[PDB]
């Protein structure tokens, strides 16, 4: 695996030991070969699990998720997928790693897609080796891969709303259930219904993941209600997955706005990762996977691949050269390399709108490309009437940095800034000049 110009896909089935058994072996071999190496974890949770699997090996943990004194003897760095892409975009020297290891390399967040593009381009150039670790590489068509123990697979109608009757099998269960829902708001309704029926429910989303995930270990629970983020190497001591088989798809309409389309079917890779949360213990057979719909290739036309192009267009590679998407996922977007490349000051603004502003890539790009500076929030208020953001069926209002109460009416509407209460709250603070 560790010869230059090689990109290896380690596609052992879920629970095969990629992270706990194979990764320490690769790290020892890289150290023996003097390979400057980066290990990319999808989440701070996985970063912490990796420290446990690697404990004692000289690894520099570039994450506050791990509390370790680094010796300065390390040639192996560990950071999150997003941190790698972030450091590439920022005016900061990222070492030219001889060996690039991405764990949970199926992650379809823009920063992970961008990281795979940059690394795969360095490998194609003959500059580096890479190992992508995932049971479900891009374009996988198998929703039912092998597991450590036999899984009971059942196609069943799964509730997406509160229910009074017709789903006795959901609550009649005495074990632990991980339940994949298409959105935070859909999970809130299911979580409330289950809590009302006497169930202990933990809710996971991207925004709450590190904090809430700890509850799965620190307290007894009956249900975890999670969005697609629990597809990225999150492990539970569970005996059942309920899978809606649905997700939201960010879609750019007419180059002008982003909507959250759906809910609609998950990819085969997503279905296999959801299912792959169970059947992981060879000493616990009888785990169940209940699925409520088919799969489809809903990554086609998905905004994340166009956002990944926006990020890669703004990462220095060599002179005017621009990293390509990793070949197997390079047709998911109609996009030309370099079309989103920004001039120096507009690019700094784009980075800051993402890093400090916490705006989605697409929205950060619209603001920066329009020549708006980071602290200029007039655009949050000067959009058309139909860009009005609604809060409980009434226009959302904020006090501007000027002390004026105004209707939140962004020049560019991205549904992700107001997809849930937490998102809208963060966007209100942004429109108000509070970060």
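Positions refer to the first chain, counted from 1. Rigid core here is just the name for the largest C-alpha set that superposes within 1.5 Å across the two forms.
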query = Between 239-247 and 71-79, which has the larger RMS C-alpha deviation from this form in 8 other deposited structures of this protein after core superposition?
reply = 71-79
note = With B-factors read from the PDB entry, the higher C-alpha mean of 329-337 and 257-265 is in 329-337
message = Tell me which stretch, 13-21 or 420-428, has the higher mean Cα B-factor listed in the entry.
response = 13-21
ask   = Out of 83, 211, 108, 314, which residue has the highest Cα temperature factor in the PDB record?
value = 211
key: Options 345, 352, 287, 243 - largest CA temperature factor per the record   = 345
message = Using only modelled residues of the chain, where does the Cα B factor of residue 185 rank: lowest third, middle third or highest third?
response = middle
ask   = Is the Cα B-factor recorded for residue 124 in the lowest, middle or highest third of its chain?
value = highest
Record-listed C-alpha B factor of residue 44: chain third = highest
message = Using the temperature factors of the C-alpha atoms in this entry, rank residue 373 within its chain: lowest, middle or highest third.
response = lowest
ask   = Would the CA B-factor of residue 34 place it in the lowest, middle or highest third of its chain?
value = middle
